[PDB]
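Enquirer: I am attaching a structure below and will ask some questions about it afterwards.
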Amino acid sequence: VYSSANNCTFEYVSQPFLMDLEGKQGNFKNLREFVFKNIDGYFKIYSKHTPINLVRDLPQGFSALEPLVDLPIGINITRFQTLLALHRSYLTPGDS
Amino acid sequence: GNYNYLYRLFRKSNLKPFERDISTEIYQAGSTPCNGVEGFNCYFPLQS
Amino acid sequence: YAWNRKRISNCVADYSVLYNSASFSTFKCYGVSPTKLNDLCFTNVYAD
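Residue numbers (the numbering used here), protein chains in the order written: chain A, 1 to 96; chain B, 1 to 48; chain C, 1 to 48.
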């Protein structure tokens, strides 16, 4: 992604264990829920994970999300975007 | 003479609690044409 | 405009060192009284 990051006021990383790397098709195994909000100079993130029975939509029932982290940002934030991961296989040429 | 400590002269709206903003686009008093240049009625954004 | 923010954590902090010190022109405290600081534990501390 980047040549260098000369400046980055905040930078952090969490624990190292693994999750699904490979390109495998199937049924949606789980649901990951998140809340991302910014208040008074800070960005707060929450989460909850569950395995799931049905594919298409968000499930019935209810459960709250626990807070993961609270970070000092200060940024006057207008927008956001979602990122996705790719998979290189022997089958695929593996090019951008 | 140390000028270095900069502060914000202008902004669209008031700052929020614990908010911070860098943007130093040249502010124009009224004629539109100046784009990213400090012209006659376009002044550098941040004072110190 | 750039104001720094430093998160302080996982330690013991003796506020009296600060309070006792001559070095500060103004000490004003909003939620707490300076003597009391030593008596408390903080969930998070930030030095803006």
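Even for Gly, the Cβ is constructed at its ideal location relative to N, Cα and C.
1) Provide the residue span of the alpha helix (DSSP H) that contains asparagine 20(C), from first to last.
2) Taking 7 Å as the CB-CB cut-off, is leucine 9(B) touching chain C?
3) Please state if the CB of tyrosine 3(B) and the CB of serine 31(B) are separated by a distance shorter than 7 Å.
4) Quick one: does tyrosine 1(C) have its CB under 7 Å from some CB of chain B?
5) Can you name the residues that DSSP bridges to residue 64(C)?
6) Count the other CB atoms within 10 Å of the CB of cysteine 11(C); is the residue buried (16 or more) or exposed (fewer)?
7) Determine the chain A residues that contact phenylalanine 44(B) at a beta-carbon separation under 7 Å, and present them in chain order.
8) Run through DSSP, which three-state label would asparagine 7(A) get?
9) Report the rounded CA-to-CA distance for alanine 64(A) versus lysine 44(A), giving the unit in angstroms.
10) What does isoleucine 26(B) reach in chain C if we use C-beta pairs closer than 7 Å?
11) Run through DSSP, which three-state label would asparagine 30(A) get?
12) Would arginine 20(B) be called buried (16 or more neighbouring beta carbons within 10 Å of its own) or exposed?
13) What does the alpha-carbon distance come out to for the pair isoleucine 26(B) and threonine 26(C)?
14) In angstroms, rounded to a whole number, what distance separates the CA positions of residue 114(A) and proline 51(A)?
15) Spatial neighbours of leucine 91(A) within its chain, please: C-beta separation below 7 Å, excluding the five flanking residues on both sides.
16) Which residues bound the beta strand (DSSP E) around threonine 50(A)?
17) If you compare alpha carbons, which of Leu18(A), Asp20(A), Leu31(A), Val13(A) is closest to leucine 54(A)?
Expert: For this structure:
1) 15 to 20
2) no
3) no
4) yes
5) Past the edges of chain C, shown from 1 to 48, lies residue 64(C), and the structure says nothing about it.
6) exposed
7) In chain order: nothing, as chain A lies at least about 20 Å away.
8) coil
9) 15 Å
10) Correct list: empty, because the minimum Cβ distance to chain C is about 16 Å.
11) strand
12) buried
13) 36 Å
14) With chain A covering 1 to 96 only, the question about residue 114(A) has no answer from this structure.
15) none
16) 42 to 51
17) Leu31(A)
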